[PDB]
Amino acid sequence: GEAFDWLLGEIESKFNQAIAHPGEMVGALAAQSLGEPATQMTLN
Amino acid sequence: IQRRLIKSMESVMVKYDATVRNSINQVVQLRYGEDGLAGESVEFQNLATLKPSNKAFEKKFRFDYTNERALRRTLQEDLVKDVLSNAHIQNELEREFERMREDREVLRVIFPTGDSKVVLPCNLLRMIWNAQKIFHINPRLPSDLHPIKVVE
Amino acid sequence: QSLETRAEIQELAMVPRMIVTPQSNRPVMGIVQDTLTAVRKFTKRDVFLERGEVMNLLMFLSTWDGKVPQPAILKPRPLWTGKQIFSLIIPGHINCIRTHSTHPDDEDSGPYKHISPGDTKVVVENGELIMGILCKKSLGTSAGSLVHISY
Amino acid sequence: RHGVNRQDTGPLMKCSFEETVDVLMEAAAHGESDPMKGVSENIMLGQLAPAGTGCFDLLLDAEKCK
Amino acid sequence: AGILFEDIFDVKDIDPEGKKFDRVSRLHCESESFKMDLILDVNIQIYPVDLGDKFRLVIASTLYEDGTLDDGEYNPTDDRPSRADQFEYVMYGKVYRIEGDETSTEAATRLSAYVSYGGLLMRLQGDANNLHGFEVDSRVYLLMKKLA
Amino acid sequence: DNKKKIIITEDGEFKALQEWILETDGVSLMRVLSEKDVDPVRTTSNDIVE
Amino acid sequence: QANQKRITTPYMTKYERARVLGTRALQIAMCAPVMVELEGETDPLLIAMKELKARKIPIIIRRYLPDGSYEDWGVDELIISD
Amino acid sequence: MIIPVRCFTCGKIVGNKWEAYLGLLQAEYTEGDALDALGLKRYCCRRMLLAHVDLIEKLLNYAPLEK
Amino acid sequence: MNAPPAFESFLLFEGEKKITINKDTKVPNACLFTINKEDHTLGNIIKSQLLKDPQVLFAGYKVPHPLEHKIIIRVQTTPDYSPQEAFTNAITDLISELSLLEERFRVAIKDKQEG
Amino acid sequence: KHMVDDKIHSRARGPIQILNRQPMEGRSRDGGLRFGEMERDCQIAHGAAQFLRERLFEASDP
Amino acid sequence: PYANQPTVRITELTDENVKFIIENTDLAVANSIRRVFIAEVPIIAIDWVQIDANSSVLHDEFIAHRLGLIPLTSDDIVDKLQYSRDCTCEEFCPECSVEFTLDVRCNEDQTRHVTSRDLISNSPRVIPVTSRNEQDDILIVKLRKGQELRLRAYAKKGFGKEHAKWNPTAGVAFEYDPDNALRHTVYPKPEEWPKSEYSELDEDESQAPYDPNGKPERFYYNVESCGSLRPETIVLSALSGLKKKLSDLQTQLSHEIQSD
RNA sequence: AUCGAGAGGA
Ligand SMILES: [Zn+2]
Ligand SMILES: [Zn+2]
């Protein structure tokens, strides 16, 4: 029971930590995330 | 290509109502990534109810409250007595399995190919392992966790 | 050039805050050339450190509680293992399973799954390297590695 | 430019990308108004971009300074 | 006493899979008093072991002859009577797994305790009667001595 | 398996059926879809404009 | 907007933490009163972080919504994670 | 341009051996035997004498600035 | 442009202490000796001599940065002993060893030149 | 030929260009380093708006 | 808990090198002695040059650097001279420095070899090694007719930590456990490796049987001298310097302990 | 100092 209660609290806290923050420039971040790998993949 | 992508998406941002919008205030996504989660905290996991067969799914996820001796091996005496005697608890567990079976069909239509690799926020198996080691769980002894407590 | 910009950089752009990238939800920096070849050689099963060598290495742990661990071999001569010192390096009580790059694919099926003849199958428990040879797969920039799980 | 500078993003954001002169000249001919909503427009005017640390305001709490 | 297990083993094979490490060797041994299999990793550089050897193995929870817990910290300046004095090869490790042949309804007739001595791995498997002293995440000592 | 036909057997397991597929060098998705014995559900194209 | 029902997150964002800490550190550097006790701290950033941990920063975050309204949150009302 | 004074590696003096080395070479010694005669036993000092290019002899083909 | 003078590895700056002793609070009976303008030459011998003391539980040293010119020697002893006393005895023992080695090398040279 | 002493450079409020009152270009001109478009995009992704304003307004040409 | 009782055995003593063996000492002591041979045995070397005239094809810093690396006999004088840090004089004095003068002019048609023999000293005890009363003289510069080199140097006391020109050694061979008995090396193919000159093994045997209870003892040394000091003077001065380093450390230690 | 060109570095 103690382990399960701790597990529930841990899941809740980590999930609330995974939520996106208002103000994240996800568009610039996505452009960088898609352009950085483009520099390694082959031209031919 | 990099410059073009940047200039195309530069002002798209997560707003305080949690929608993703551009400079015009038009809505690009009602929630970021369709789930409103940041990409740093998510990680690879496995859906355990996607690939198994119906028999295996039944055998692994249907709580068997009829086998008295198996429950005696898994649970403590008061928990075994409450699970075997009470019918409210048994109906709760039965509906738990039905809900998991519905979830199974939802996953089967979401992932039409049998790929259980998913990217989700919390690594539940690692958290369970952490709880096992933090509280010194003995895997060989019967547990004092009521399955109704798990459901609730 | 201002306290506001300094606080901004300190709370947003500092390197430790930058360990995991949102691009691919994995570490962006990992252990690299000499440290990676050496940690591979160090966590092999037959790495035995003497008392003076162990104290020399413990001088370079910033996060050391000052307690020398009980050596893995007490007799005929006290010897610590490389895994026993990396266990001191590993932080917290993290738990991690990986596999060394030379892990044979038909070992997880047969016997010896939990006692690996080749010292593959990395297992860290409660922040101790219980077994396995650390490598790119365990300390690199991939997902689910020790550095990722630590972060 | 044929997809990004054809949306209603404002002339200053568009001139930052491509066709600086054509975009600004079109905006002049049509009297377009840039509302300064994007990050490019604020960056050009040296103003705090509504991005990250700029997406909100701070106010002093008079009742708590006591 | 603080002894979880004691028996005499006979080296029946050394490195069946071939030599994996230079200074470390895996022994596959079997006892006679309890019929327990043993896989053990030993530093053969300092404590060489030949095929067909016969040794006494003692898994203990402590080295002090009187029942007294250990702190897991290295104390070379300790003058108490330690049972390591009566043995040649001594290692210190922790139990990281206990398998068995248990079913959903039946208990285990045979157990399999796994111990790691700083990476040198041991598996002691046999009757569950002889492996009640083993509990996962518990520190033990090897206490192994060669006999003629 | 990304191009095989992944079905769900009556026992509930995922099974990858090994079936014939055609790859064309041009695109008439409009016409090819409306052909007898052609799957109008999985037949696709890489020309996003079409 | 009804202050009784604020729809934004009850957590302080990383950007809110960054800007609040920077702002309060500048205020301390400009001889503003400190709300917490001080052992020997002389760096405004350390004092601002101590005030944030103590939940004693006298700043209100005005979070704007896309529709144009706003929500005022005291720094003590938000959940500080890092 | 001129023979170094010390061996870069060990610090053995090689400055006084260039002229003797050349004199041994015109005496029909092999370079190895010449280096052995001068006592250069470590391959670092043998490197110093064996790889030296006396450029100063070419710089002395130009008349100085003052007579 | 940025080259430190070569004497800065050996010479103490004004107001800079040759050795500083700081109590280690993590474990009892441990000290950190920060020795300025020394390097592995003294650190290694002091450490290895301290390891010969059975009352020394820990003896280690490090050069925290090669471009910097200090060493730190951590010494932990048994409770009845002291790390300062251990460090002193280690230096005394090294001095006596070097004196004996010097006298014996003088004798060996005299024998070699004579016969 | 590439020695570090011929490459090391620093600036703190040096000379500025005539046309746009921004730092000069080059070590030889005691110029400032270019905070380019890609740096602007990186700091936008970081969300560092005050640092971005410092680099593109206050440290260049207020 | 106490000192070693090292013994010594000198196996060769020439004017050029000393080959000896130290037994019953720790590896750290042996390596600190080896390091002090290179880096903390003071000698005299030119560390100040004033070029009054240089028409040679090598620029001034070339000549100065080249003069600094000429070894100067330092045997009995180095202990007497002071460091200019410690001297209470002006820039220079005879108590902390030695004056050299060089004045050469090529008037004749053949190339004039300005060598270390042209470094004239005020102190007869501190002279260039090659100029000491065979090995030729170190070559400072070759001069053509009409070229001229006139300079004034001052030599100072220093050791190899400050500059390699104050290093008295021309190589310090150091070895221990010639047969790999401690297995501090691990040869993948021990048969492929040549035997040490100090090895005692029959040719069929590649390395000694592993010694589990072994420690590094019996360190072999070959200290070759650049010329400034005699090799045995290098070893004796190394031991004295290491002992004074430890004595100064103990003095400062006592002040720190008593001040607490 | 400006402009251009060229040569390079990553
Ligand atoms: Zn050499
Ligand atoms: Zn003087």
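The basis for the numbers below is simple: all heavy atoms, side chains too, and nothing from hydrogens, waters or symmetry mates. Residue numbers start from 1 in every chain, and the chains themselves are labelled A, B, ... in the order their sequence lines are given, proteins ahead of strands.
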> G9(L) P sits how many Å from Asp5(J) CG, rounded?
20 Å
> Tell me the interatomic distance from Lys1(J), atom NZ, to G9(L), atom P, rounded to whole angstroms.
8 Å
> From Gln23(C) CD over to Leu29(A) CG, what is the distance, rounded to the nearest 0.5 angstrom?
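Between atom CD of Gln23(C) and atom CG of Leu29(A) there are 9.0 Å.
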> Do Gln50(J) and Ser2(C) have side-chain atoms, one donor and one acceptor, less than 3.5 Å apart?
no
> Please give, in whole Å, the distance from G4(L) P to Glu25(J) CD?
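Atom CD in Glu25(J) sits about 11 Å away from atom P in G4(L).
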> Please state how far atom NZ in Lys7(J) lies from atom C1' in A10(L), giving the value in whole angstrom units.
10 Å
> Check the distance between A1(L)'s P and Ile16(J)'s CD1 and give it to me in whole angstrom.
14 Å
> For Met24(J) and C3(L), give me the distance from atom CE to atom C1', rounded to whole Å.
13 Å
> Using a strict threshold of under 4.0 Å (side-chain N to carboxylate O), is an ion pair present between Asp39(I) and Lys70(I)?
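Salt bridge flag = no for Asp39(I) with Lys70(I).
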> For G9(L), take OP1 and OP2 only and decide whether either is under 4.0 Å from a side-chain N or O of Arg27(J).
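Result: no.
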> Mind calculating the distance between NE2 (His2(J)) and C1' (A7(L)) to the nearest angstrom?
11 Å
> Charged N to carboxylate O below 4.0 Å: is that the case for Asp6(J) and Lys1(J)?
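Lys1(J) and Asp6(J): not salt-bridged.
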> Provide, to the nearest angstrom, the distance between the CG atom belonging to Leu19(J) and the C1' atom belonging to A1(L).
14 Å
